[PDB]
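Structure, as structure tokens:
There are 2 protein chains.
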Amino acid sequence: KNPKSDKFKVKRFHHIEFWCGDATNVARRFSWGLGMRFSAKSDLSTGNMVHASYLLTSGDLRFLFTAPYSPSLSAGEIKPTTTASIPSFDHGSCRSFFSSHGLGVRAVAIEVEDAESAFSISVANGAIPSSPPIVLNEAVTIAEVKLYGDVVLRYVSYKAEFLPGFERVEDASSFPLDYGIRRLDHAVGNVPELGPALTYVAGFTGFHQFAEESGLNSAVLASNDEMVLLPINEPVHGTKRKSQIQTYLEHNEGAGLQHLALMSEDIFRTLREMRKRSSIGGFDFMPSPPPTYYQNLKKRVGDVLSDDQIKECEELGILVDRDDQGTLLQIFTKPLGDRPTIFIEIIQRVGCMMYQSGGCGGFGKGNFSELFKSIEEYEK
Amino acid sequence: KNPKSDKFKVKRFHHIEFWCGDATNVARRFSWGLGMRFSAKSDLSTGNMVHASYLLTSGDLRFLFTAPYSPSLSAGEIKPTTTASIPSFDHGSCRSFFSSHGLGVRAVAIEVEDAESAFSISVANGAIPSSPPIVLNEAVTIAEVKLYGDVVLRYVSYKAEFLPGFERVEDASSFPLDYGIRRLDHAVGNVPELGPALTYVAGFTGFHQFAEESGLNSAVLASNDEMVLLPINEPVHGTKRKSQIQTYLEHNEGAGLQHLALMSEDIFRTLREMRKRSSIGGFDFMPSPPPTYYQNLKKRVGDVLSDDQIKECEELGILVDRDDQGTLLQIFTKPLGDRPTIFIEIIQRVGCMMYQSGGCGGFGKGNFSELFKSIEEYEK
Ligand SMILES: Cc1[nH]n(C)c(=O)c1C(=O)c1ccc2c(c1C)c(=O)n(-c1cccc(Cl)c1)c(=O)n2C
Ligand SMILES: Cc1[nH]n(C)c(=O)c1C(=O)c1ccc2c(c1C)c(=O)n(-c1cccc(Cl)c1)c(=O)n2C
Ligand SMILES: [Co+2]
Ligand SMILES: [Co+2]
């Protein structure tokens, strides 16, 4: 059941912004590891004396990497005279964020019809303001409210390339890497208490609950057409194995973004290309399930994937789960940085054709049971 | 003239430690960009609750990348009970360093016969102590004194693999990259005033002055056998073109390490391999000199390099200079991170065979004149 209760018109995920200590090195690592092209920049070479911001793109996916310069470069500036291309940026907030959380997502940005009204309505409905709406070059409006922890939900709206003050990256330095990643499917937060976090976010957006041993309780908030998907986890305490949500909260110094799920148009190509690079600058993947997991795959998805396509899942370590409407292929990276906090999920969904409807196949919660079962079966 | 006045027995460069906000991403970038293998780690997986440290190696070159965890993980510890593998590490110092300077070198480590006596004699001779000698697992002694800015000179000595508490990296995750880099040739600091910096460092080490429009005055301090080379720059003000040393000091928030020069055993292979990766996660190089620079190369190094070997310098953008004793091939990367501060130089020296003596061919200061001359000749 979809009540379609969005309090303002939401379009799609627009971008994700990481707050870094050095944007250059994080961006170059991610680009090689994920096959994302350098698309735009705002930094000293573009007159930005405040922050270095580098945009990576793959399909519709936009990863932004931002780090502060010395405050001394911009000490004469005031907000009316700022050279920052992102007016919500603040040296002190960025340094506090990074020293507290390490590398992670500061902003989940969604595109809306009107960022001013989205901000106004959100705040009128309980959203904690973070940065008021600001009109960039009379062309783009940007505004921010608190989402969870120190993560903001960023509203972006266009009257009619990324943001004003960003320059398109020179073709010589913009190598057309592409491993098949095309868009952000969902972005997941970890919080100490799921209830109040759900009530807050659904309260100011009008997002609805998406119809869906693991150490977590979760729920998914969704926009009207269910293309903007914001799941939220809390830990389950007292268990035999320490909740990974709790471990996240400890090492992250509290709530924050847990994983980004990136849709691939060809998850086999993506995983082949990412795994080729795992030990030469890219990303590592979680240990593969035992082969009994794949011997059990014929029984439950044998009508969707061929024996060959299942074998290909086995060499790449891909997981498979199934809704009543679709099928889910997924795999998880190891954490993106020093701390056991943020990681990435690569995903491909099959089914639910009308275009494909959002969340087709679910989010893989059935893979907890299948892995536990598989584990003890490999032992046997 | 070499007075051989070292006040304690110095061996070779041992390692360089970068202080980072996320050691993982910087290390993975550098590994791919420079062709250095992941050799050892000290982090959560090895019981270090204080800092994440990753060691990259190429030949004898050792790059260490370190970042702090949340202080909360180690809040119950005291120095006697520390789980830090590098006892000089301090969360507050590392965060202050990185927020002030951005990504850069914290420690220039040299191996000495006895790090305790090196520390004692240095301090008795004016060195500002940074971290007293500490004996690690009765096997390695480490001690630190201030070098310039917030950079320390780290003394390491072994009674008899990197440091205790570091683990050798698993072969599966340790890909044997190698682009020909073999050792650190020299490490260069920028300071506001050369005189007092020279007097201080030569004062506590006994290092001697190495017999050698650009915006800099410099001098090189050298150990007895001139394998440890520590040049120091100050800016020249008032010039037409703003001194790059001054620009460094402004963006770095003061004195610090300007460049690391890495010796290659095959600079053509190294540059081919690095340039292949410049736009896919590696390092960029400074704009190549005009072809008139290479048409002028026959006249001055035509007895050392063949027409072919000179042509190969032209496609790779390599610079060439010459002493009265040897010849210098060199090239410079763009800055390693967000700020126009630290960069890397790749170098190969030919001549001065006895083994090769240190600093053979000099450091390339004649390439300022050759570039200015070449520039106006390309205009003509
Ligand atoms: C469950 C879930 N709900 N929503 C909204 C989602 O997006 C989402 C997923 O994406 C998802 C699905 C299945 C998962 C995992 C995740 C994150 C996961 O992290 N782990 C895991 C892996 C290694 C170590 C540990 Cl402790 C745990 C799993 O075993 N399975 C099976
Ligand atoms: C001079 C020097 N003394 N000592 C101890 C050394 O190690 C060392 C060198 O390594 C060295 C040598 C030649 C150089 C440069 C360097 C760093 C250099 O940075 N630039 C440069 C390049 C781009 C922009 C600007 Cl402004 C300047 C040059 O043009 N030349 C020619
Ligand atoms: Co997910
Ligand atoms: Co040099």
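Heads up: the sequence lines are chains A and A', in that order. A prime marks a further copy of an entry chain. FYI, the numbering for the first sequence is 35 to 194, 201 to 252, 262 to 403, 411 to 436, going by the authors' numbering. FYI, the numbering for the second sequence is 35 to 194, 201 to 252, 262 to 403, 411 to 436, going by the authors' numbering. Ideal Cβ placement from N, Cα and C applies to all residues, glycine included.
Through-space distance from residue 229 of chain A to residue 269 of chain A', alpha-carbon basis:
Here residue 269 of chain A' refers to the residue found at position 220 of the second sequence. Here residue 229 of chain A refers to the residue found at position 189 of the first sequence. Cα to Cα, the separation comes out at about 53 Å.
So, at 8 Å on beta carbons, what are the nonlocal neighbours of residue 295 of chain A in its own chain, with the 5 sequence-adjacent residues on each side left out?
Mapped onto the first sequence, residue 295 of chain A falls at position 246. Correct list, in chain order: 264, 284, 286.
Going by DSSP, which residues form a beta bridge with residue 332 of chain A'?
What you label residue 332 of chain A' is simply residue 283 of the second sequence in a count that begins at 1. DSSP lists no partner for residue 332 of chain A'.
For residue 402 of chain A, name the three-state secondary structure that DSSP assigns.
Here residue 402 of chain A corresponds to residue number 353 of the first sequence, with the count starting at 1. Three-state result, residue 402 of chain A: strand.
Is it buried or exposed for residue 428 of chain A, if we count other Cβ within 10 angstroms and need 16 for buried?
Working through the first sequence from its first residue, we reach residue 428 of chain A at position 372. So residue 428 of chain A ends up on the exposed side.
So what does DSSP say about residue 323 of chain A, is it helix, strand or coil?
Indexing the first sequence from 1 puts residue 323 of chain A at position 274. In the three-state scheme derived from DSSP, where H, G and I count as helix and E and B as strand, residue 323 of chain A is classed as helix.
Distance between residue 233 of chain A and residue 266 of chain A (C-alpha atoms, nearest Å)
For the purposes of this step, residue 266 of chain A is identified with residue 217 of the first sequence, where counting begins at 1. For the purposes of this step, residue 233 of chain A is identified with residue 193 of the first sequence, where counting begins at 1. C-alpha separation (whole angstroms): 9 Å.
Taking the beta strand (DSSP E) that residue 351 of chain A falls in, what are its first and last residues?
Translated into the one-based positions of the first sequence, residue 351 of chain A becomes position 302. No beta strand (DSSP E) holds residue 351 of chain A; DSSP gives it neither H nor E.
From the DSSP output, read off the bridge partner residues of residue 53 of chain A.
Taking the first sequence and counting its residues from 1, the one referred to as residue 53 of chain A is at position 19. In DSSP, residue 53 of chain A forms a bridge with A/100, A/138.
Pair every Cβ in the stretch 339-349 of chain A' with every Cβ in the stretch 376-395 of chain A', then say whether three or more of these pairs are closer than 8 Å.
no
Can you confirm whether the stretch 84-93 of chain A' touches the stretch 132-145 of chain A' when touching is taken to mean that 3 or more C-beta pairs between the two stretches lie within less than 8 Å?
no
Chain A residues whose Cβ lies nearer than 9 Å to that of residue 10 of chain A':
Nothing can be reported for residue 10 of chain A', as the shown portion of chain A' is limited to 35 through 436.
Endpoints, alpha helix (DSSP H) assigned at residue 365 of chain A'
Residue numbering aside, residue 365 of chain A' sits at position 316 when the second sequence is read from its first letter. That run of the alpha helix (DSSP H) goes 356-365.
Grab me the residues of residue 322 of chain A's own chain with a C-beta within less than 8 Å of its C-beta, minus the 5 sequence neighbours each way, in chain order.
Numbered from its first residue, the first sequence carries residue 322 of chain A at position 273. Here the set comprises 69, 219, 220.
Stretch-stretch touch, CB-based, cutoff 8 Å, three pairs: the stretch 93-108 of chain A' with the stretch 412-425 of chain A:
Of all C-beta pairs linking the stretch 93-108 of chain A' to the stretch 412-425 of chain A, fewer than three are shorter than 8 Å, placing the two stretches out of contact.
Let me make sure I understand the geometry here. Which of A'/396, A'/243, A'/207, A'/55 has the alpha-carbon closest to that of residue 125 of chain A'?
As a working note, residue 125 of chain A' is residue 91 in the second sequence. The option with the nearest alpha carbon to residue 125 of chain A' is A'/55.
Quick one: grab the DSSP three-state call for residue 382 of chain A.
What you label residue 382 of chain A is simply residue 333 of the first sequence in a count that begins at 1. Residue 382 of chain A falls in the strand class under three-state DSSP.
For residue 150 of chain A and residue 92 of chain A, what's the separation of their Cα atoms in angstroms?
The residue you call residue 150 of chain A lines up with position 116 of the first sequence. The residue you call residue 92 of chain A lines up with position 58 of the first sequence. Using only the alpha carbons, I get a separation of about 28 Å.
Under 7 Å, do residue 73 of chain A' and residue 209 of chain A' count as touching if we go by C-beta distance?
For the purposes of this step, residue 73 of chain A' is taken as residue 39 along the second sequence, with counting starting at 1. For the purposes of this step, residue 209 of chain A' is taken as residue 169 along the second sequence, with counting starting at 1. Closer than 7 Å, so yes.
Shortest alpha-carbon distance to residue 305 of chain A belongs to which of A/63, A/291, A/185, A/167?
What you label residue 305 of chain A is simply residue 256 of the first sequence in a count that begins at 1. Measuring from the Cα of residue 305 of chain A, the nearest candidate turns out to be A/185.
Give me, in chain order, the residues of the same chain whose beta-carbon lies closer than 8 Å to that of residue 168 of chain A'; leave out the 5 immediate sequence neighbours on both sides.
Within the second sequence, the letter at position 134 stands for residue 168 of chain A'. If we look at residue 168 of chain A' and ignore the five residues flanking it on each side, its Cβ neighbours are 121, 122, 175, 176, 177.
Straight-line gap, residue 183 of chain A' to residue 140 of chain A' (C-alpha atoms, nearest Å):
Here residue 183 of chain A' refers to the residue found at position 149 of the second sequence. Here residue 140 of chain A' refers to the residue found at position 106 of the second sequence. If I take the Cα positions, the gap works out to 10 Å.
Using the three-state DSSP reduction, which class does residue 298 of chain A fall into: helix, strand or coil?
For this step, residue 298 of chain A is matched to residue 249 along the first sequence. Helix, per DSSP.
Have a look at residue 453 of chain A' and residue 84 of chain A' and give me their C-alpha separation to the nearest angstrom.
This structure gives no information on residue 453 of chain A', because the portion of chain A' shown stretches from 35 to 436.
Cross-chain neighbours of residue 133 of chain A in chain A', by beta carbon under 7 Å
Taking the first sequence and counting its residues from 1, one reaches residue 133 of chain A at position 99. Listed by position along chain A', the residues whose Cβ is nearer than 7 Å to that of residue 133 of chain A are 129.
Would you mind stating whether residue 351 of chain A and residue 376 of chain A have Cβ atoms separated by less than 7 Å?
As a working mapping, residue 351 of chain A is identified with position 302 in the first sequence. As a working mapping, residue 376 of chain A is identified with position 327 in the first sequence. Going by C-beta atoms, residue 351 of chain A is not nearer than 7 Å to residue 376 of chain A.
The beta strand (DSSP E) that contains residue 167 of chain A', what's its start and end?
Along the second sequence, one-based indexing puts residue 167 of chain A' at 133. Per DSSP, residue 167 of chain A' belongs to the beta strand (DSSP E) from 163-170.
Against chain A': residues of the stretch 286-303 of chain A by CB proximity under 9 Å
299, 300, 301, 302
Residue 392 of chain A, DSSP secondary structure in three states:
Here residue 392 of chain A refers to the residue found at position 343 when the first sequence is read from its first residue. Strand.
In the DSSP assignment, find the unbroken alpha helix (DSSP H) run with residue 429 of chain A' in it and report its ends.
Position 373 of the second sequence, counting from 1, holds the residue named residue 429 of chain A'. Its alpha helix (DSSP H) spans residues 422-435.
So, is residue 189 of chain A buried or exposed, given that buried needs 16 or more other C-beta atoms within 10 angstroms?
Here residue 189 of chain A refers to the residue found at position 155 of the first sequence. Result: buried.
Between residue 53 of chain A' and chain A, is there a C-beta pair that is closer than 7 Å?
By 1-based counting over the second sequence, the position of residue 53 of chain A' is 19. Under the Cβ criterion of 7 Å, residue 53 of chain A' is not counted among the residues facing chain A.
Less than 6 Å between the CB of residue 394 of chain A and some heavy atom of ligand 3, yes or no?
What you label residue 394 of chain A is simply residue 345 of the first sequence in a count that begins at 1. Because some heavy atom of ligand 3 lies under 6 Å away, the Cβ of residue 394 of chain A counts as near it: yes.
Cβ closer than 7 Å: which chain A' residues qualify as neighbours of residue 183 of chain A?
Your numbering for residue 183 of chain A matches position 149 in the first sequence. Those do not exist, as residue 183 of chain A stays about 14 Å from chain A' at its closest Cβ, beyond 7 Å.
Let me make sure I understand the geometry here. Which of A'/62, A'/131, A'/46, A'/112 has the alpha-carbon closest to that of residue 95 of chain A'?
Taking the second sequence and counting its residues from 1, the one referred to as residue 95 of chain A' is at position 61. Nearest C-alpha to residue 95 of chain A': A'/46.
Is it buried or exposed for residue 242 of chain A', if we count other Cβ within 10 angstroms and need 16 for buried?
Locating residue 242 of chain A' in the second sequence gives position 202, where the first residue counts as 1. Buried, because 16 or more other Cβ atoms sit within 10 Å of the Cβ of residue 242 of chain A'.
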